[PDB]
Amino acid sequence: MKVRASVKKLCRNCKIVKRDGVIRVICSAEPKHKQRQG
Amino acid sequence: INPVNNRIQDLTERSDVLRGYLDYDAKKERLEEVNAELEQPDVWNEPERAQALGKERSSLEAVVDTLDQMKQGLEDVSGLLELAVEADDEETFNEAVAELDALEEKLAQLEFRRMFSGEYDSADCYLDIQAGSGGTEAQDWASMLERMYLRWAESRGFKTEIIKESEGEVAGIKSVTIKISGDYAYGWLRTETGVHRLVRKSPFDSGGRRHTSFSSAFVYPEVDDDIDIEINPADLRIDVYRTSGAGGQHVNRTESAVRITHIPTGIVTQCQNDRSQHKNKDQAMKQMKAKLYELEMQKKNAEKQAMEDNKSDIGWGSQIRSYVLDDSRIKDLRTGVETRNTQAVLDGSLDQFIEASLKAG
Amino acid sequence: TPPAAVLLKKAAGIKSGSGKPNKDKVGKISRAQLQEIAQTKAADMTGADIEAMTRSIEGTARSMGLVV
RNA sequence: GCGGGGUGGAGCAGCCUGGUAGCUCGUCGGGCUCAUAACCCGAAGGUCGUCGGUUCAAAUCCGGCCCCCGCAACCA
RNA sequence: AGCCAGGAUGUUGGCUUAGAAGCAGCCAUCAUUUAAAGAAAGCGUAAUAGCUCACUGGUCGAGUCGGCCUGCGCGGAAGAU
Ligand SMILES: [Mg+2]
Ligand SMILES: [Mg+2]
Ligand SMILES: [Mg+2]
Ligand SMILES: [Zn+2]
């Protein structure tokens, strides 16, 4: 999990999802791409 | 025609010399063994081993394929030369001459690489000549060696300058430092390092006795200037604290003394002379920079001192080239190359010895 | 059929011809030679018109670096 | 912060007061000597730290920049 | 959007490289088979391979795309009784 202020799609499989008032990037291909805004 | 045949024979001998210096049978067997190992599946089980075997195969393949193609080209050029001479074909003769020139340049590139495999062989060099056991005769001999090396550099087309010189009071020079600039100057001159023994009736002896004098030549490459590296601030730890013997409320309270520690090295500097923490930090940074530079300087001095201790003394038993003028013989102890034209050698015909030393490697 | 690149090299009489093609031409070939090359590989080549094979081989040579 | 300096290879002058570079050693050539030193007779070598300004004209006067020196840096 | 087919050839374009096959680069970057198939956009292989994908066909049957101006909100946002 990368927790940072600037969360972005890093590959074509990354998806932006807002869970519980938090912007998150979940990737079905690369676990390194998992991101949380914070 | 006959010069072309002589050239072909010289190239054949050079190719055989390359094959034997490289032990072409040994290299070919090693290449075959590497091929067998690489065909085996288990070879790639260790990626580092597989990559090392691949690079070794590439180098051995370069050498082996180059020689296998070279031999065939020489045989073909011999056949085409025979046909051209028989048929009196000037165009085919010129084409064969061009092919022989190209093949000679190719084999010469291989010869050049083998001659200068060293890392710094391409760089410019410095030559230092120092007189030794002969005394005044040694200083005169040193001057003779200086003249010889300058003439040889002129013959090779290199550019020479005299950085420093100390002349003997009676005659000759005590020492001289010369800068040589050119293509592969260090490679061409590096084999002349050592002590040169001279045997001739000393002109500085009233009885004209046959004395022996020694002079030392030392050749070292021109080192590139080091790039200055700024201290990476992530490599430093800075501590601020109260200075010792602090007098007064202000000084007792304030953190003015600064200590800087270099994490990679462990060297520490510290300054507390000034009232200002900023001034103390600047002075401590300057001292830390100076100490790192001094550490590098100590390393450089240690390398130089090891070289000075490695340098053989300029005296009996340290000769690698004997110039005996009474017997009119000059002999290199390392290679065994011997000549009788002492005058030519003193005038700068060092190519025989230098090429012999490089071929011996 | 044997590969086209080695045949192109054999026709050229050159060994290395790819470094910096447009900046300076290393080799060059003629169209008739290319066509003659093309006709011999007709069994495996995917085409009926030999002209198409010829221009494909020309394009291959151009990619290699040699200007037709 | 306040003062000084930087000129043939070395050490010193010339700056003040603009026009002009000197001394001693050192280097080079010729002598003397069997030879070296010493000695004797001749020569050469600095466009003045680095830029800029001012001036008809700058080693010189002014201003930066670099190096070197001194002092000062306190009550705290 | 999914979903089903496909998603070719010269050709691994050559060099430099240790190897370099679309996918280290350099370096050209074309024509052919045509519905379309990049001398490859990504993943991936030591390299291939392999996995996609761009492209295109076929079933389902109304929207879909992503910029511009603007209002209000969201994250970024840790301190000591
Ligand atoms: Mg006090
Ligand atoms: Mg003047
Ligand atoms: Mg806000
Ligand atoms: Zn992703």
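Worth knowing before you read on, the calculation uses all heavy atoms, side chains too, and leaves out hydrogens, waters and symmetry mates. Convention: sequence-line order gives letters A, B, ...; per-chain numbering from 1.
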message: Given the structure, is E:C26 a Watson-Crick or G-U wobble partner of E:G50 (both distances under 3.5 Å)?
response: no
query: Is E:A35 the Watson-Crick or G-U wobble partner of E:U17, both distances being under 3.5 Å?
result: no
message: With E:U11 and E:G22, is there a Watson-Crick or G-U wobble pair, both distances less than 3.5 Å?
response: no
- prompt: Counting only Watson-Crick or G-U wobble pairs whose two distances fall under 3.5 Å, which nucleotide matches E:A39?
  reply: none
- prompt: Just how far is it from atom CD1 of A:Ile26 to atom CE of A:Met1, taken to the nearest 0.5 Å?
  reply: 10.5 Å
statement: Ranking E:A46, E:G14, E:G75 by distance to the side chain of B:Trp44, first place goes to E:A46
message: Between the side chains of B:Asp140 and B:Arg200, is the shortest nitrogen-to-carboxylate-oxygen separation below 4.0 Å, so that they form an ion pair?
response: yes
message: With E:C15 and E:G25, is there a Watson-Crick or G-U wobble pair, both distances less than 3.5 Å?
response: yes
message: Using atom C1' in both nucleotides, what's the gap between E:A54 and E:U70 to the nearest angstrom?
response: 37 Å
message: Which residue in the set B:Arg114, B:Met115, B:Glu111 passes side chain to side chain contact (heavy atoms under 4.5 Å, CB included) when paired with B:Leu358?
response: B:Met115
- prompt: Is a side-chain donor or acceptor of A:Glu30 paired with a backbone partner of A:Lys32 at a separation under 3.5 angstrom?
  reply: yes
- request: Inspect the surroundings of CG in B:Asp183 and state if more than 12 heavy atoms from other residues, nucleotides or ligands are less than 6.0 Å away.
  value: no
task: Indicate, with yes or no, if the rings of B:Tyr120 and B:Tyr186 have centres closer together than 6.0 Å.
output: no
message: If you count heavy atoms of other groups shown closer than 6.0 angstrom to NZ of B:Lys179, is the number above 12?
response: yes
query: Does the D:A13 / D:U55 combination count as a Watson-Crick or G-U wobble pair, both distances under 3.5 Å?
result: no
E:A31 and E:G61, which share atom name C1', separated by this distance in whole Å: 40 Å
message: Please give the distance between the P atoms of E:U48 and E:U59 as a whole number of Å.
response: 39 Å
field: Salt-bridge present (B:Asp347, B:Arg147; N to O < 4.0 Å)
entry: yes
- prompt: C:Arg55 has a side chain; which of E:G10, E:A31, E:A28 sits nearest to it?
  reply: E:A31
- request: If D:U36 has a Watson-Crick or G-U wobble mate with both distances under 3.5 Å, name it; if not, just say none.
  value: none
- prompt: Under a 3.5 Å limit on both key distances, is there a Watson-Crick or G-U wobble pair between E:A31 and E:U9?
  reply: yes
Presence of salt bridge, B:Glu303 and B:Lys300, under 4.0 angstrom: no
query: Watson-Crick or G-U wobble, both distances under 3.5 Å: is that what D:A43 and D:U27 have going on?
result: yes
query: So what does C:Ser56 hit on the nucleic acid, given a heavy-atom distance under 4.0 Å: a base, only sugar-phosphate, or nothing?
result: base
Two-distance pair test D:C71 D:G1, Watson-Crick or wobble, each under 3.5 Å: yes
- prompt: What does D:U20 pair with, Watson-Crick or G-U, if both distances are under 3.5 Å?
  reply: none
Separation of B:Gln130 CD from B:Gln139 CD (nearest 0.5 Å): 9.0 Å
- line: When both distances are under 3.5 Å in a Watson-Crick or G-U wobble arrangement, the nucleotide paired with E:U81 is none
message: Can you tell me which nucleotide in E:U11, E:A18, E:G14 comes closest to the side chain of C:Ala4?
response: E:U11
field: B:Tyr293 and B:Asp228: side chain donor to acceptor below 3.5 Å
entry: no
Could you list the protein-to-nucleotides 36-43 of chain E atom pairs, N/O on both sides, closer than 3.5 Å?
unit_1, atom_1, unit_2, atom_2, d
E:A39, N6, C:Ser63, OG, 3.4
E:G42, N3, A:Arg12, NH2, 3.3

- prompt: Should D:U55 and D:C56 be reported as a stacked step, that is, with six-membered ring centres less than 5.5 angstrom apart and planes less than 30° apart?
  reply: no
field: P gap between E:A24 and E:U32, integer Å
entry: 29 Å
query: Are OP1 or OP2 of E:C27 and a side-chain N or O of C:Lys23 less than 4.0 angstrom apart?
result: yes
- request: Determine the contact category for C:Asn22: base if any of its heavy atoms lies under 4.0 Å from a base atom, sugar-phosphate if only primed atoms, P, OP1 or OP2 are that close, otherwise nothing.
  value: sugar-phosphate
query: Which letters describe nucleotides 71-76 of chain D, given B = protein heavy atom under 4.0 Å from base, S = only from sugar-phosphate, - = neither?
result: ---BBS
- prompt: Partner of E:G63 by Watson-Crick or G-U wobble geometry, both contacts under 3.5 Å, or none?
  reply: none
- request: Mind telling me whether B:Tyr126 and B:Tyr220 have parallel, tilted or perpendicular rings, with 30° and 60° as the class edges?
  value: parallel
message: Please tell me whether D:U24 and D:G46 form a Watson-Crick or G-U wobble pair, using a cut-off of 3.5 Å on both distances.
response: no
message: Reading RNA chain E from 5' onward, which residue's closest nucleotide shows up sooner: B:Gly54 or A:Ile23?
response: B:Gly54
statement: Testing E:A18, E:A28, E:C15 for proximity to the side chain of C:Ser18, the answer is E:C15
query: Counting side-chain heavy atoms from CB outward, which of E:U11, E:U16, E:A28 is closest to C:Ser16?
result: E:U16
Given RNA chain E, 5'-ward residue of the pair C:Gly19 and C:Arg62, judged by closest heavy atom: C:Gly19
query: With a 4.0 Å cut-off on heavy atoms, is B:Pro47 in touch with a base, just the backbone sugar-phosphate, or nothing at all?
result: nothing
task: Tell me, please, if E:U45 and E:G13 meet the Watson-Crick or G-U wobble pairing rule with both distances under 3.5 Å?
output: no
